[PDB]
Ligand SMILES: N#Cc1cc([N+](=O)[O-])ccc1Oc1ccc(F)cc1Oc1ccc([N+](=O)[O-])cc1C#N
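Before any questions on binding or motion, here is one chain by itself as structure tokens, the form deposited without the named molecule.
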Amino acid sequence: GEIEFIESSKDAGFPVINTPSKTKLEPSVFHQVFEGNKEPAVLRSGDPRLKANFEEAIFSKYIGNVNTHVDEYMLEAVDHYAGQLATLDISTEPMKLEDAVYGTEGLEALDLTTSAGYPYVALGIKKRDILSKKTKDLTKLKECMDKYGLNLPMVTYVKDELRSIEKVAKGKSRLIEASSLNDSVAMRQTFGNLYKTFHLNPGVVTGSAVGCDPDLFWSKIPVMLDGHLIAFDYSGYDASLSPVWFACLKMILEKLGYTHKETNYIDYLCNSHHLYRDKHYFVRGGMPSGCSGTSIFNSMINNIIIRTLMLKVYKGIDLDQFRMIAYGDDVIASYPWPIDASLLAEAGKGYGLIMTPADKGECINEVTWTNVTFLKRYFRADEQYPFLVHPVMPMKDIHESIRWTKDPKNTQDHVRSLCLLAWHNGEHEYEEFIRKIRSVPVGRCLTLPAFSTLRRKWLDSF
């Protein structure tokens, strides 16, 4: 992706978008009990912790586009993945408005706490002023969609979240690109059944883990991924995407039965108009992280990408023996023969992608079930039930999270959610976690599950 045009919003008649400039994150009562290094992301240019230019830092992810046609490797990659998705009988019929807004199996209700986007944010109109959980009212929403239409600017927010020392200093805060309520609803009508099918079928046919529950899903992953593991991280995946990858996505969608017109919303994602505080800008390429479907669409594109690279480097490859699972940029995969991920990564550079294989690196001469990670978690087979696999979030990451809060009123929910992650690290680790929690008076006011209870519920869940 590449920023093609930026100018002061007032020159185009847009008001300044007044977005949060000060973090909601504050040290929790556990800030001194546990160790950590992370701090709230930089949200504004004047932050005294900056060791770089903020506005340049947050937009540096837009590294450019490779301008190429959909080549022979991409075409075969699209065909192969499309054949898998054909197995799922995805409906391209529009999803009913009420189902797409207020909830249905496989598609949770539109989140009422996130930004309604433009123009609502300039008018002080919130999602709850238009929508109502209790009534499922669609009347005001239909008025608003008729009144303002579709293809509205996206509003860029700086994500308020903990970041490493280096990412604070470098100003590498992440951005959230909020679609207008109008476009979110319209995309959920157009693609809602696709979203539903993906959410209900995480695994190696969708090649997707979007919506998965790691407590359940991680025992299935080694059954699905039979061979020599391959795994990748990317640097700035979303913003690195060039328009050719969106063209591949449109081709895949059409093979699923979507009309050319129904794929027009992919152009809205690819060639996109954004408002950031007092500026507005156009991007050619780049997935606007935060719009409807971006995790699922990122995952589908990653399925095309990896196949393309394998086809290009290993002309003799058999994709029918390849398996992969993606969550956006994150990939875990396998093939029955060893594959040199460093060759795939160099091939990816020719397509405008910045890939880092999970193996060396170093300390990792070979990706194994011992050292591979997915969604930030390791894999550890249970010692007693070897066919059940624990997702293992590192205790260091849990410690980082528990030391801050965006609202101490949610302490009970926050700590409990962390307990549900922590116990997979083992009983001694969990008991120490609980001891430290209880070393602050708040900690003794919380309902904390016992280890044996967490283990018993986990075993029973299968």
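The numbering used is simple: start at 1 and walk along the sequence shown.
Only in words, not in the display: the form solved in complex with the named molecule, which the text now covers.
The pocket of the unliganded chain is judged open, since the named molecule, transferred from its pose in the deposited bound form by superposition of the C-alphas around the site, places no atom within 2.4 angstroms of any backbone or C-beta atom.
The chain is drawn here without the named molecule; in the deposited bound form, the stretch among 84 to 92, 103 to 111, 240 to 248, 304 to 312 whose residues come within 4.5 Å of it by any heavy atom is 103 to 111.
For the chain shown alone, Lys127 is a contact residue for the named molecule in the deposited bound form, at least one non-hydrogen atom being within 4.5 angstroms.
Among residues of the shown chain, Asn271 is not one whose heavy atoms approach the named molecule to within 4.5 Å in the deposited bound form.
In the deposited bound form, the named molecule lies within 4.5 Å of some heavy atom of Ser295. Using a 4.5 angstroms threshold between heavy atoms, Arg188 counts as touching the named molecule in the deposited bound form.
Site residues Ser184, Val210 and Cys291 are all in contact with the named molecule in the deposited bound form, judged by any heavy atom within 4.5 Å. The listed set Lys170, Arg377, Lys255, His199 contains one residue whose heavy atoms approach the named molecule in the deposited bound form to within 4.5 Å, identified as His199.
Proximity to the named molecule in the deposited bound form, taken as a non-hydrogen atom within 4.5 angstroms, holds for one residue of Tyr335, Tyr327, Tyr351, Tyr234, which is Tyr327.
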